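Okay, here's the structure, questions in a sec.
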Amino acid sequence: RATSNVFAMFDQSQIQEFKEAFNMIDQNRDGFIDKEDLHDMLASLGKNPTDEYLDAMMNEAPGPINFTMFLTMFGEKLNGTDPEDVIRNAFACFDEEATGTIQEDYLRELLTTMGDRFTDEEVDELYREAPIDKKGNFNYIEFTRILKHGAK
Amino acid sequence: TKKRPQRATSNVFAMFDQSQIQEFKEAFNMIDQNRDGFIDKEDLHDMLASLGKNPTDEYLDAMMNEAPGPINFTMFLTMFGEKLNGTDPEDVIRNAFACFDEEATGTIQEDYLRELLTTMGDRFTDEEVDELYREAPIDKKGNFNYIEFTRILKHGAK
Amino acid sequence: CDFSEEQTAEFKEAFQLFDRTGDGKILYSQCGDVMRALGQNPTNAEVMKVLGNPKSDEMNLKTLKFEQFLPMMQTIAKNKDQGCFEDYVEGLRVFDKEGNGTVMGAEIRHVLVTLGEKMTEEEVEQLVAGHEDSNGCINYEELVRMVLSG
Amino acid sequence: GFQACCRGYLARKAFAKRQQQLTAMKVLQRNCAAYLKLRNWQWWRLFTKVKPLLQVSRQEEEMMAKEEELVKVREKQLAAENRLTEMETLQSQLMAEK
Amino acid sequence: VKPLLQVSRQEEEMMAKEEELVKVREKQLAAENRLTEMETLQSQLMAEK
């Protein structure tokens, strides 16, 4: 957790985007998020679905979610992640030729032979909801966007 | 009960581009005097006093009756999307006019448009065509490509 | 041990970078890689001698620890048969024909592959790489100066 | 004696590539570690749908990029005309010569 | 209100950059075709020489 200033965690652009999102996701803007607003947003986004299981997460945070608590719960889960430019720069280390694609077996071997050894199940879980070419080729240049859930 | 119900619950992306929503948000940012997403009666009153030389009183009452209450970004967007339901993009009509014009350019003539709307086989009356003529630019005939019309209609060549 | 703890900490940290060995151990074949990365310039004969003259099959069926690797590096640093670069820059001049401080890259590759302890084609290429020119020659002086800074 | 320095230079160079590569893999697996639990977060997939609606970039990056790109494209377009004029003279000169 | 908009005014003006860039890009693309055309004519005429 590491309690500290919630504003110093996210970057200027990141905190600005978070504030702009909090100011938008609110049918009755007043610095107080309730289950009704979330249900209405889900109904408007998914073509009127109803998922009553999401209400079982309010107990995690002290009472309703506030903008401060919202930023806190975003930062507590986004810790460790970095922007897309640095991710692409780090990915450019391998391959060398810079083909934009890496073999899936090679990635699995790399993720289980150095640093934090990732189990085979954890590596396989990263492909149960995304496309992939029959000839392998892990399109990293294209997967960087899907990593941020910028689709669907 | 300031919090309004689900009210229909219409989506805000049936067939609208991100640029349209961005423009709508930027426009709402100027009307809302409180700067909190609550277009009250005073906001629109000041907007009209600054732009359209003040309203006629009944304008605010009609706008309030046409809305479920304190209008905001989401409510206004949903209302305008429901009102625009059925309207196709400008590129579709542009390509249609370009492919229909025999001159390989996409022009439209007043005399030819009259026959295309009437004798072609439609339910267009005299006033139906007079309104379109009045809505046209300075010229009552499209002697150029179907671009200036879409521009003056949407206020954005995109 | 006649070795300060300051550099010993860095040596332990560098040795712990391999990891891929089951635990805090090290293979016989991979011993030279870690011995040459930390410092010094031991030869294949010196590596085989300090290792106790391991068998041909012993280089892939046993693993050592750090308590045994530290004295190896200590002896390699204290006892050594290397030499300064003044003798190396003067040795490569035997192949220089015109004597203008340049030598053909093919001749150097052949001398490194055949003469001496022999080297694989994958290493000699990476060694001679970067110093390519129009006449295909590689200045031995610049090569030695770059190898010394490595 | 010289082969030892060449062999050590490769081990040292290869070791340096592994040192920086090892740290690079840390950011990769670290970014993917939190992504697992974050992937199944009901608040993430719902909020990502709103990011396209905000567009924090605004004209701060579009105007600067378009302005800087317009200058490069302007000089490139003008440069093409310069090469075209030079080729026109050579093409016309070769025509008179031929 | 669309004609005014203090903030949207820059958007319409910013679109001129993309429009001018696209317009300038069109001339560059057309110039590339003309440049290659002169190269073929220059090379063809040079071959005849």
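Order as written gives the chain letters A, B, C, D and E; numbering starts at 1 within each chain.
The definition used in the following text is that a residue touches a chain if its C-beta (ideal position, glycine included) is under 8 Å from a C-beta of that chain, and two chains touch if they have at least 3 such contacts.
J.: Both chain A and chain E are touched by which chains?
T.: B, D
J.: Of all the chains, which has the CA centre nearest the overall CA centre?
T.: Here the chain at the core of the arrangement is D.
J.: Taking each chain's centre as the mean of its CA atoms, how far is chain D from chain E in angstrom?
T.: Each chain reduced to its C-alpha mean, chain D and chain E end up 23 Å apart.
J.: Could you tell me the distance, in whole angstrom, between the mean C-alpha positions of chain C and chain D?
T.: 37
J.: If you average the CA atoms of chain A and of chain C, how many Å lie between those two points?
T.: Going by mean C-alpha positions, chain A sits 46 Å from chain C.
J.: Among the residues of chain E, which ones contact at least 2 other chains?
T.: Residues 11.
J.: Please set out, as single numbers or ranges, the residues of chain A touching at least two other chains.
T.: Residue numbers touching two or more other chains: 24, 45, 114.
J.: Mind giving me all the chain pairs that touch?
T.: All touching pairs, sorted by chain label, are A-B, A-C, A-D, B-D, B-E, C-D, D-E.
J.: Inside the complex, what are the residues of chain C that reach chain A?
T.: Touching chain A from chain C are residues 19-20.
J.: Along chain A, where are the residues that touch chain D in the complex?
T.: Residues of chain A touching chain D: 13, 16-17, 20-21, 24-25, 38, 41-42, 45, 51, 54, 57, 73, 77-82, 86-87, 90-91, 93-94, 110-111, 114-116, 118, 122, 125-126, 147-150, 152.
J.: Residues of chain D touching chain B in their complex?
T.: 52-53, 55
J.: Across the complex, what residues on chain B touch chain D?
T.: 18, 21-22, 25
J.: Can you name the residues of chain A that touch chain B in the complex?
T.: 23-24, 26-29, 36, 40, 43-45, 47-48
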